[PDB]
Amino acid sequence: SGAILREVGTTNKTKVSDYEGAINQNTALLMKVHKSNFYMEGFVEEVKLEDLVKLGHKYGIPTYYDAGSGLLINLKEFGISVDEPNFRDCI
Amino acid sequence: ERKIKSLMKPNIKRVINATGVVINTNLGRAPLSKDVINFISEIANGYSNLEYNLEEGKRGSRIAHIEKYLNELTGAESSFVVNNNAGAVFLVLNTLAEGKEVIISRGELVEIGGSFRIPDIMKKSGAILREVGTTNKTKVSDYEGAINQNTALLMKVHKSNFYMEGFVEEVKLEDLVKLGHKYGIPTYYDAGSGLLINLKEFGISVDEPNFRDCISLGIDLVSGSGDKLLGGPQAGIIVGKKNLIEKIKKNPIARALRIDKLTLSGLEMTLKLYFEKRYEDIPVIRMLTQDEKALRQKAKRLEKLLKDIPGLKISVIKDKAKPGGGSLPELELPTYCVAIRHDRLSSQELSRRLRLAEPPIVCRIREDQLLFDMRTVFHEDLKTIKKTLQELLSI
Amino acid sequence: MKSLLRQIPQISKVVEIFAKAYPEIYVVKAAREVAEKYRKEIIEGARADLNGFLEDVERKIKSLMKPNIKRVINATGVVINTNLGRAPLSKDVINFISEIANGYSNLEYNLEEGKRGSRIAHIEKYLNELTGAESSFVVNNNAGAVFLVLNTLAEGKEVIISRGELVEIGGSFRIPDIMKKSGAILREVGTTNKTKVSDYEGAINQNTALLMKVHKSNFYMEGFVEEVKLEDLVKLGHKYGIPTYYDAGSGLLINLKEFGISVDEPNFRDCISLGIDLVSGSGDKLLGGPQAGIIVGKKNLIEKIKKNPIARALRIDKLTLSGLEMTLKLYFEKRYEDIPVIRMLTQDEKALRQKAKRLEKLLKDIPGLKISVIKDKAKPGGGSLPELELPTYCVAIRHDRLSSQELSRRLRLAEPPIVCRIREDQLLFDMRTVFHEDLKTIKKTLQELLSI
Amino acid sequence: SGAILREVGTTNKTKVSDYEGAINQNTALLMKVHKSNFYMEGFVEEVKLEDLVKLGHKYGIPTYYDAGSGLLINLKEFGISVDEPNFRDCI
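Residues numbered from 1 in each chain as written, not as in the entry; some residues may be left out. Chains lettered and ligands numbered in written order. Part of a larger assembly, values for the part shown. Heavy atoms only, no water.

Structure determination for this PDB entry is given in the record as X-ray crystallography, at a resolution of 3.893 Å.

Written as structure tokens, this is what we have:
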């Protein structure tokens, strides 16, 4: 894709600090990918989305979420209780 | 009288573990057998031949006492031991890859404990970190593809305190050895659990890796904490090729990591046990291998003790928990909990008061039902359990 | 000669002879070794009698079952004896350790909040109080404590140190060798015997991150020798804005003159209040504790050292951590006589003779023993007090049959083993280091060596 | 002097590996100075003079000893027993 890849944090855990820490002159994009075809349990940490946006509005960098599952609406409305994100809510 | 009690007491106190988690990072990992503790008590009581060789009457290496045990149990060429596993990695890196590349799966860059992080230490290690594959999946090609002139080291970390399910792929150990002997690169496995023997022999069926087996697979180096699945005092344990061990040894940083007199001795005793197949004598092995019947056995001997105490609702449930905390993330075994509830007091306030007892007791909470897992409880605790509850509830 | 070799019993019958006598795995390892020794000695025609076999397979088993690591009876009169395992521990301590080790403990657990907590947290409160520094921390041993403070504060920057202070203590620790691995760049001022203030001031620059001073623990220079007064380093620091780091190494917790021993040995309390920013020292020297690197000083600095991702490779074990709190407790309770290294060095000259003659009284009967008690000046501190010269009573001995050398050798192979000074074919025993319950053990040791 | 100074070992101790370790293309000189007006006791190690010579005759390097005392003869011959080094013997 031509982009230069900057991998912050560690497999199981990632704090907000790790993101903010690697920002710079050449940082054009904050990207978050949803772990769709696997999952980690055990000692595991993830960056809350609101945090990334705040962090973006702070330095003036665009945020980009790959949901992948591409879920249109809230699923809890149907009786399924899951945290799966959706476009509406993510926007 | 209460000030006198507090005004007299150590910040560090023994604690009664009811959580049913054998390797409990917070509660002090593997606790120690009386025989060992008496061997330790004896060597600390006066002077001893720690750095002293008695035959030659001149100074000697304190790591010499033990390395005989490790060489025999694992099968490796030589061995060594440092403060903990943290430093056992940091030593192998700064020793064998200062300034050169180390290849490792992007799935295996772990954050264990609050301050340890392979990417954050390996950095300070001076080694350059080369991360192959992807989070969930990593083939053998990924490892092979990032080899080059600078590649000093093929490192594989065992995900001790987590696991991945769903679509996930891992590189086989036999595979990483083949890849090594191909390019002439050494293989370094951080077991972390420091499992010393096959675990299936005792009826628990898991794939957890162990020294003996990891070594006779052809890995060049293997490390692990002593105070995890080994059942001993805190120690970084390194076994493998002689040429490498000697290089690690000579590293001037190995002195800032050399192990203390207490843990050294206590380890020799712990190792002596293993040679004598006395497995039941090392706490973390017996606890995890106890008979399901054995656990009920202990569950109802406790319930028989608390029937008299006022306002106590006692029941024995059969629940499935996850025993291994810092070493066995996926494991799930059956154990008997004595769930209790007091009409006057609520589950939350109860824990709180139990943590402030003398001795203090720490346990699990699930739906306003206090729970005592018997997998971690010693017999002499039962009398103290009953004596602390009746003091909280009839006072 | 094959009928004298067919007399050797097979491994299974040795198994039967000692059934519960000894573990099955050792006895088989003791028959296999003794059977290769009798197979080779009879083939070469060196053995006509096989009767020593039953006794010899039992000795191997006793031996093959024995710890390489054993308690040993120190007669050299050296308190801090690096080879013999530095500061031994009071029963109170060992019990407090025993207890924390027999089960689970609030090691990493805060009971209040019911949430994990730093294990370093239990101790530091004691340290801040005894030393008077702003904050404190603890790592495996002083070795790594140096390494930490350099790599935290000076990686890639200049550390100025006196050319006279670059020590080699122990076998593999060397300030230049480690400082290198630390990553810090090493600027050495002055010269061996002399080093004035100007030498420090003079090599300062933009890249100078640290003014380090190491104490000469295991040696000393006499003759034309100058040294820079501590009060002067600190002034030099506070002038240019540079932290000062003192490796005391002895880890002396208090003023030592208060006990009647008059030396200039520096101590945390006193060094901190002088205005130094950082100080370290081993826990198994003059502290009297188990093995540990102890760092005290300015908060901002400790926080920095704490945050360093190597701190986790140095972090102390459950045993040393506990034993250390029990031994710091003692110090708050002015219980000094309970920590062995302090009591052995502060013992009354009278006390010493008293034990000297109580031993003499135990060796009179034993055959061929030439027993005398002399008053000698020796040097008690091995790893922390090099110059200290104190009077102490030794029971010099000599046997007409055996020579002093052989005697030492056998004393080192006894159970328990006893190591002691040699001086002109006169075995010596300095009572500085000897516990009373040993005196009986000694006499029972000697009577069994000479009369057997 | 204009010489480039390469300082091996440590204050109290110095083995032979320390000298041999720092040898290279630039090394023109193996020098030992005698501690005339001071001395060290405690744990102390020094490099044997027979050893420095063997070392130099190995790489083809000259050895230079600054006695300083400039003792001219063996001093034990007068009943005073010390190890002070002297010209005749050192040569």
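**Quick notes on the overall build of chain A**
A tally of regular secondary structure across chain A gives three helices and three strands. Ordered by position in the sequence, the α and β elements of chain A form the string α-β-β-α-β-α. Oriented by its inertia axes, the alpha-carbon framework of chain A measures out at about 45 × 30 × 25 Å. For chain A, with 91 residues in total, the buried portion stands at 25%. Considering only contacts within chain A whose residues lie at least 6 apart along the sequence, 58% involve residues at least 24 apart. (Helix = DSSP H or I, 4+ residues; strand = E, 2+ residues; numbered from the N terminus. Buried < 20%, exposed > 50% of the residue type's maximum accessible area, 1.4 Å probe, protein only. Contact = heavy atoms within 4.5 Å.)

**As for the side chain of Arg29(B)**
Turning to its location among the elements, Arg29(B) is positioned in the loop between β1 (14-17) and α2 (34-45). With relative accessibility at 9%, the residue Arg29(B) sits in the buried group. Setting aside anything within four residues of it in sequence, one finds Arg29(B) in contact with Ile23(B), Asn24(B), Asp227(B), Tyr104(C), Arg312(C) and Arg315(C).

**Quick look at a positive patch on the surface**
A surface patch of positive charge is lined by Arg353(C), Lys357(C), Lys361(C) and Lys364(C). Looking at where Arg353(C) falls in the secondary structure, it is placed in helix α15 (residues 349-363). (Patch = residues over 30% accessible without salt bridge, like charges linked within 9 Å, V, L, I, M, F, W, Y side chains within 5 Å. Areas by Shrake-Rupley, 256 points an atom, 1.4 Å probe, with all protein chains shown as cover. Salt bridge = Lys/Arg side-chain N within 4 Å of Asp/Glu carboxyl O. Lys, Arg positive; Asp, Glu negative; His and termini not counted. Charge placed at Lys NZ, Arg CZ, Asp CG, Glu CD.)

**With respect to the sheet that holds strand β2 (residues 104-105) of chain C**
If you walk across this open sheet you meet the three strands as β12(B)-β1(B)-β2(C), and the pairing is mixed. Two strands lie at the open edges of the sheet, namely β12 (361-362) of chain B together with β2 of chain C, each paired on one side alone. (Pairing = 2+ DSSP bridges.)

**A look at the interface of chain B and chain C**
How large an interface is tends to be reported as the accessible area lost when its parts come together. Between chain B and chain C, the residue contacts involve 86 residues of the former and 83 residues of the latter. Here chain B meets chain C over a buried area of about 7700 Å², counting both sides, of which 57% is carbon and sulfur. Summed over the shared surface of chain B and chain C, the number is three salt bridges. Both β1(B) and β2(C) contribute to a ladder of two bridges, which runs antiparallel. Note that in β2(C) the partner of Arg14(B) across the bridge is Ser105(C). (Buried area = accessible area lost by both parts, 1.4 Å probe.)

**Re the packing of aromatic side chains**
Across all of its chains, the model carries eight aromatic pairs over all chains by this definition. Considering the side-chain rings of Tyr274(B) and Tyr279(B), the 6.0 Å spacing of their centres and the 85° angle between planes classify their relative orientation as edge-to-face. With respect to class, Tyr274(B) is no different from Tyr279(B); both count as buried. Judged by centre distance (6.1 Å) and plane angle (90°), the ring pair of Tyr331(C) and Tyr336(C) falls under edge-to-face. The two residues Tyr331(C) and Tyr336(C) agree in class, both being buried. Through pairs of rings, three or more aromatic residues link up here, namely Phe202(B), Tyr274(B) and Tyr279(B). (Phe/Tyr/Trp six-rings, centres within 6.5 Å; stacked < 30°, edge-to-face > 60°.)

**Focus on the nonpolar core**
Counting 160 residues, the largest nonpolar core has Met155(B) and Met212(C) as the members making the most contacts within it. Every residue in contact with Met212(C), bar those within four places of it in the chain, is listed here: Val146(C), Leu150(C), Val159(C), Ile160(C), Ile161(C), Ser162(C), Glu165(C), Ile175(C), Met179(C), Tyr200(C) and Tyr245(C). In this structure, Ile309(B), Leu345(B), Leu350(B) and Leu370(B) belong to the second largest nonpolar core, which totals 27 residues. (Core = buried A, V, L, I, M, F, W, Y, C linked by side-chain atoms within 4.5 Å.)

**Description of the packing of helix α3 (residues 64-74) of chain B against helix α10 (residues 261-275) of chain B**
Residues and elements named next belong to chain B. Relative orientation of the contacting elements α3 and α10 amounts to 30°, with a least axis distance of 10 Å. The orientation of α3 relative to α10 falls into the category roughly parallel. For the crossing formed where α3 meets α10, the hand is left-handed. Each of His65, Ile66, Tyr69, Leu70, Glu72 and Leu73 in α3 lies in contact with α10, whose residues at this interface are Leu264, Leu267, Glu268, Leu271, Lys272, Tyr274 and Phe275. Per-class residue counts for the contact of α3 with α10 are nine nonpolar, one polar and three charged. (Axes fitted to C-alpha atoms, helices over the stretch in contact; angles between N-to-C directions. Parallel < 35°, antiparallel > 145°, perpendicular 65-115°, else oblique. Left-handed = near helix turned anticlockwise from the far one by under 90°. Nonpolar A, V, L, I, M, F, W, Y, C, P; charged D, E, K, R; others polar.)

**A look at the interface of chain A and chain B**
The interface of chain A with chain B comprises 17 residues on the first partner and 22 residues on the second. Of the roughly 1600 Å² buried where chain A meets chain B, counting both sides, 47% is carbon and sulfur surface. Linking chain A with chain B are three salt bridges. Where chain A packs against chain B, one counts 12 residue pairs in polar contact. Considering every element that reaches the side of chain A that touches chain B, the biggest residue donor is strand β2 (residues 38-42) of chain A, with five residues. (Polar contact = N/O pair within 3.5 Å; in protein donor to acceptor, adjacent residues only side chain to side chain.)

**Quick word on the packing of α2(B) against helix α4 (residues 91-101) of chain C**
α4(C) packs onto α2(B) with a crossing angle of 160° between their chain directions and a minimal axis gap of 10 Å. Considering their axes alone, α2(B) and α4(C) lie roughly antiparallel with respect to each other. Crossing handedness for the pair α2(B) and α4(C): right-handed. Contact residues: α2(B) offers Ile37(B), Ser41(B), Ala44(B) and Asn45(B), while α4(C) offers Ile94(C), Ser98(C) and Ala101(C). Within the contact of α2(B) with α4(C), the residues separate by chemical class into four nonpolar, three polar and no charged.

**Re the sheet that holds strand β4 (residues 128-132) of chain B**
Residue and element names in this part refer to chain B. One open sheet accounts for seven strands, arranged β2-β9-β8-β7-β5-β3-β4; its pairing is mixed. Looking at the sheet topology across the chains shown, the edges are occupied by β2 (78-82) and β4. Neighbouring strand axes in the sheet, compared pairwise and without regard to direction, differ in orientation by 20° on average. As defined by bridge partners, strand β8 (residues 221-225) adjoins strand β9 (residues 236-240) across five bridges and the pair is classed as antiparallel. Bridge pairing in β9 links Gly224 to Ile237.

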